[PDB]
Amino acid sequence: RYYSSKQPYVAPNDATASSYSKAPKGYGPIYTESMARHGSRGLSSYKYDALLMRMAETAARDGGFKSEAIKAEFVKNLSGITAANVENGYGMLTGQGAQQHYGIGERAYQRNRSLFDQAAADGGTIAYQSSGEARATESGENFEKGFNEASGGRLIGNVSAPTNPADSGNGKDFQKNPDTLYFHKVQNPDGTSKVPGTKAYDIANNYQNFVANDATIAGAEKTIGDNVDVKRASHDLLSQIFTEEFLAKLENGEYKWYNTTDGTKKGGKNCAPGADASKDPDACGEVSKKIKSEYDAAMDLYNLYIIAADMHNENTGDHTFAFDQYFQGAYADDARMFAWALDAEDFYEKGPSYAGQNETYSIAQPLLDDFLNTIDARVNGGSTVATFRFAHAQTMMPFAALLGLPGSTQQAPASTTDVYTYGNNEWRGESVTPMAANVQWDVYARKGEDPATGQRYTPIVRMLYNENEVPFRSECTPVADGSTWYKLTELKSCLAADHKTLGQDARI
């Protein structure tokens, strides 16, 4: 199906959910924490559907459709996705995204039932955090509802009161934290901006200046944007809808559509039929966006295809859409090309990118720092037993590369021509950062002191990635052979830039 990073979240089956490894004897839960991307969402703005509608109107005028039925089908799919996004709101969570996080929060309580029941009895607290963006906060409140209905409401009174709540209403429980959940941009989702001179400002500012001005990234994206296999996929994909004469004139630069009311450059702001720009600002497109090639049209249609997978629940009633009919059979191979072009932009800008640099993923260091600092606060006598964070793909992708999670361990060649491809790299948007992708840490501890050292026993940590138990990077030594539990001291050592292990001292 090739949904790239619009892949809907696949929950663990009852076999996976009940086979998480048990901690070594004597250790019990003291803390858990998570970072999750927001769930499935609609279109970010009136763009892909708007531009293709302009192209469809031209092809209607010029007789460029292959048939009347094909054209009526094309127009009705476009009007359907646009109506669905207008009713749901552009850029907002869909019902599928709410269900994804509801289930994730349900299972989060079930996996640490002993910890949370004890916290309910003993005055422990739960911390909810968000980037500030509506999508992340709303995914959070659905997670929290699943958490509470799984626990029968016994933890509702145990929520830490934020000092900067996401909103006055249902997001009243969520602390805004753009320094660990939005570290990639100077401007924050809530309209504030990072403060010049602070480290969070420097991290976001340096990153944006790097990606904007790096020559290898731009050279590679230009190489992939002119790849002949992508161009042939574009033509064949559009060849099901438009006539070869229409496509020949588009490939010869005789056509061009801007995201305006008439398609021309001199048009004004284009807004989605039935939407209010004061309620729905994103329901109105940026006029600079255009379709100049077969590649643009094809990619816009592919984006409708993958977002339609996200809007499953909204696809009933009078205005339904069926974009998957354009990607059946051997056209699935064409979808593979478009998925690679989409993945490539993410790989080079937010993932491991090319070898010889760490600027694209070192921006995730504040979030890894907070992962370790909240553990430290808990072992040092704090009462927060859980921290649940909700952010974006722009948060998870560098975080996965920074830790070296499966799929984010291979950088592309330092070259503008020998570029990242599906043939030479494991990275895939659908597995690295699906919708509602999440990373969870469980932290256990053993009571008493460790005789022959004046100290308490080190806590141990186990990691779930999209609710799959995974080991840490290979440079890290686990507490025993074949184990996925790691001492906290070891992870402090091996997750730093040196990637050095503590050796025998990492073992229980």
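Numbering starts at 1 and follows the sequence shown.
Mean CA temperature factor from the deposited coordinates, higher in 407-415 or in 210-218? Comparing averages over the C-alpha atoms only gives 210-218.
As stated in the PDB record, which stretch has the larger average Cα B-factor, 147-155 or 375-383? That would be 147-155.
Highest recorded C-alpha temperature factor, please, choosing from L342, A121, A98, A437. In this record, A121 carries the highest C-alpha B-factor of the candidates.
Between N466, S67, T32, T58, which carries the biggest CA temperature factor in the record? Highest C-alpha B-factor among the listed options: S67.
Please rank the C-alpha B-factors of the chain's modelled residues and tell me whether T458 sits in the lowest, middle or highest third. Its C-alpha B-factor belongs to the lowest third of this chain's values.
Would you check the entry's CA temperature factor for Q7 and let me know if it's in the chain's lowest, middle or highest third? Lowest third of the chain for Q7's C-alpha B-factor.
Just say lowest, middle or highest third for the CA B-factor of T484 relative to the other modelled residues in its chain. Ranked within chain, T484 CA B lands in the lowest tercile.
By the recorded C-alpha temperature factor, relative to the other modelled residues in its chain, which third is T94 in? Its C-alpha B-factor belongs to the middle third of this chain's values.
Third of the chain, ranked by Cα B-factor, where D229 sits: Highest third, going by the recorded CA B-factors of the chain.
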